[PDB]
Amino acid sequence: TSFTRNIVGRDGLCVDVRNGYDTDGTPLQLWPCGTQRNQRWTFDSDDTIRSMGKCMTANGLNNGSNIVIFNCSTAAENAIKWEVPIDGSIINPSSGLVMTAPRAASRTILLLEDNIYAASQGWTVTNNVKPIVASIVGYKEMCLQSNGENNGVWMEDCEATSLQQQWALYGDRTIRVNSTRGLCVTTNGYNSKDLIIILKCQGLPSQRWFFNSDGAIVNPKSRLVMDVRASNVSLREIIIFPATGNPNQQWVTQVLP
Ligand SMILES: *[C@@H]1O[C@H](CO)[C@@H](O[C@@H]2O[C@H](CO)[C@@H](O)[C@H](O)[C@H]2NC(C)=O)[C@H](O[C@@H]2O[C@@H](C)[C@@H](O)[C@@H](O)[C@@H]2O)[C@H]1NC(C)=O
Ligand SMILES: *[C@@H]1O[C@H](CO)[C@@H](O[C@@H]2O[C@H](CO)[C@@H](O)[C@H](O)[C@H]2NC(C)=O)[C@H](O[C@@H]2O[C@@H](C)[C@@H](O)[C@@H](O)[C@@H]2O)[C@H]1NC(C)=O
Ligand SMILES: *[C@@H]1O[C@H](CO)[C@@H](O[C@@H]2O[C@H](CO)[C@@H](O)[C@H](O)[C@H]2NC(C)=O)[C@H](O)[C@H]1NC(C)=O
Ligand SMILES: *[C@@H]1O[C@H](CO)[C@@H](O)[C@H](O)[C@H]1NC(C)=O
């Protein structure tokens with residue numbers, strides 16, 4: 001079967017066929033999300049992703065190769081097949097390379113690159129082109145809360161009026177301070193017990209997260225998950241740690257009004 005959606009990525013911008021041209025070889029880029037046909041992507045059971053009747057195509061299968069639109073019947077078969085890993089990557093199976101936005105700006109051209117699980121490599125296939133705004137409820141039914149740039153995140157009693165408990169879940173798989181959307185939940189390293197803080201969004205692997213089906217919030221590069229340190233909310237420390245399924249690693253999003 002087939003179905004059509006937008007594809008939201010870095011900084012909440014959308015995958016867009018540049019200038020709305022359908023000529024073979026036209027690059028894909030980031031552009032602010034809308035309803036224009038050059039942002040509407042049809043996913044077919046043959047693993048093609050189509051816009052304006054043509055296919056998302058790797059113009060080469062090397063690190064740094066450009067991704068373009070191209071006639072689906074004349075492109076190389078290997079170059080038009082894509083899958084959508086549950087962590088939000090868009091992968092070309094033949095090469096193993098993944099769709100990447102190398103800069104945050106509008107008009108950045110999308111490339112196939114080595115998978116480093118970067119936030120620049122995160123995408124969401126959806127008709128809602130706005131970030132989802134939610135509280136993140138965890139251990140002891142408390143809420144995850146921001147506390148400024150460079151500072152730790154930590155747990156507090158949930159309050160409908162606390163803006164610092166309000167998170168924008170962006171299409172690039174970043175978790176952002178809703179009121180200050182240039183700031184990202186960031187692990188301060190990839191090792192167990194590294195602290196989770198807020199830092200300027202930079203596309204990094206340390207800023208990419210995945211909400212899995214076991215109630216964990218996973219950092220794909222490290223493999224490790226958000227953890228209320230020592231099950232002790234008074235420490236005011238959230239770390240990354242291996243997944244245990246314990247109550248201090250369970251989370252659920254609660255959509256905000
Ligand atoms: C695949 O392409 C990437 C983008 O060109 C390479 O990473 C980039 O390497 C640049 C130096 O050549 C570096 O200044 C860029 O910031 C970096 N981009 C990022 C953020 O990944 C990548 O090169 C590998 O990784 C980089 C960071 C260095 O460690 C290089 O020595 C590595 O070769 C390319 N991968 C390969 C396998 O060449
Ligand atoms: C993809 O490239 C194909 C090969 O060049 C195009 O099919 C060819 O379209 C020609 C111009 O319309 C037509 O004279 C040829 O007979 C046909 N060739 C073959 C081998 O089918 C194709 O065009 C689409 O498909 C054809 C069948 C017609 O329906 C066209 O009007 C379609 O545009 C190219 N696809 C696209 C979307 O451009
Ligand atoms: C989250 O932050 C967003 C962005 O600042 C807030 O959305 C703005 O809200 C005002 C008032 O309703 C609107 O007029 C703007 O159009 C909104 N902007 C955007 C870009 O969406 C939002 O209210 C915040 N809180 C929640 C719960 O979503
Ligand atoms: C939790 O952390 C606080 C703050 O550091 C500390 O005073 C308290 O003793 C800890 N509780 C436990 C059970 O370790």
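The residues of the chain are indexed from 1 along the displayed sequence.
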Residue pair [X] / [Y], side-chain heavy-atom distance below 4.5 Å:
X	Y	result
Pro205	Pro220	no
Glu113	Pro102	yes
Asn246	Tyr139	no
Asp22	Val17	no
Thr100	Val98	yes
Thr124	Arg173	yes
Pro85	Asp87	yes
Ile238	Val228	yes

For the pair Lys54 and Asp24, find out whether any cationic side-chain nitrogen is under 4.0 Å from an anionic carboxylate oxygen.
->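 Judged by the 4.0 Å cut-off on N to carboxylate O distance, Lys54 and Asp24 do form a salt bridge.
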Taking 4.0 angstrom as the limit, do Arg176 and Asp11 come out as a salt bridge?
->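 Answer for the salt bridge query: yes.
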So which heavy atom on [X] is nearest to which on [Y], and how close?
X	Y	value
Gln249	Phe241	NE2-CD2, 3.8 Å
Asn232	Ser234	OD1-OG, 2.6 Å
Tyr190	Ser206	OH-N, 3.1 Å
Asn6	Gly34	ND2-O, 3.0 Å
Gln29	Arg18	OE1-NH1, 2.9 Å
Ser95	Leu112	OG-CD1, 4.1 Å

Looking at [X] and [Y], would you say the former's side chain and the latter's main chain have a donor-acceptor pair under 3.5 Å?
X	Y	result
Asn147	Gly152	yes
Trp209	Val185	yes
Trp251	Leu144	no
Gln121	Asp114	yes
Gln166	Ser179	no
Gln207	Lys200	yes
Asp44	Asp46	no
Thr186	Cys184	yes
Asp172	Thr174	yes
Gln250	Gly245	yes

Treat each ILVMFWY residue as a node, draw an edge where side-chain heavy atoms are under 4.5 Å apart, and state whether [X] and [Y] are in one component.
X	Y	value
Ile175	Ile239	no
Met226	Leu169	yes
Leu28	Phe70	no
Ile109	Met99	no
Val225	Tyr117	no

Does a sphere of radius 6.0 Å around OH in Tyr170 hold more than 12 heavy atoms from other residues, nucleotides or ligands, not counting ones at 6.0 Å or beyond?
->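 Yes, enclosed.
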More than 12 foreign heavy atoms under 6.0 Å from CD1 of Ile132: is that the case here?
->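 Incorrect, the count does not exceed 12.
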Apply side chain to side chain donor-acceptor pair (under 3.5 Å) to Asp194 and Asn188, showing your working.
-> CA-CA 6 Å; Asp194 284 345; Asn188 198 194; over 6 Å; no
Which residues share a side chain to side chain donor-acceptor pair (under 3.5 Å) with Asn178, sequence neighbours left out |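 With neighbours one apart ignored, the set is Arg181.
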Separation of [Y] [atom2] from [X] [atom1] (nearest 0.5 Å):
X	Y	atom1	atom2	answer
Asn115	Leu97	CG	CG	9.0 Å
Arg37	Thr35	CZ	OG1	8.5 Å
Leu30	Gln39	CG	CD	9.5 Å

Using only heavy-atom distances, determine whether the side chains of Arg40 and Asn127 contain a donor-acceptor pair under 3.5 Å.
->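 Yes, side-chain donor-acceptor contact under 3.5 Å.
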Side-chain donor-acceptor pair present, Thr126, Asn128, cut-off under 3.5 Å |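 No pair is found: no donor N or O on one side chain lies under 3.5 Å from an acceptor on the other.
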Would you please test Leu110 and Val15 for side chain to side chain contact (heavy atoms under 4.5 Å, CB included) and show each step?
-> CA-CA 8 Å; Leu110 303 182; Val15 177; 3.9 Å; yes
Going through the distances and angles, do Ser94 and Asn92 end up as a side chain to side chain donor-acceptor pair (under 3.5 Å)?
-> CA-CA 6 Å; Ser94 177; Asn92 173 255; 4.7 Å; no
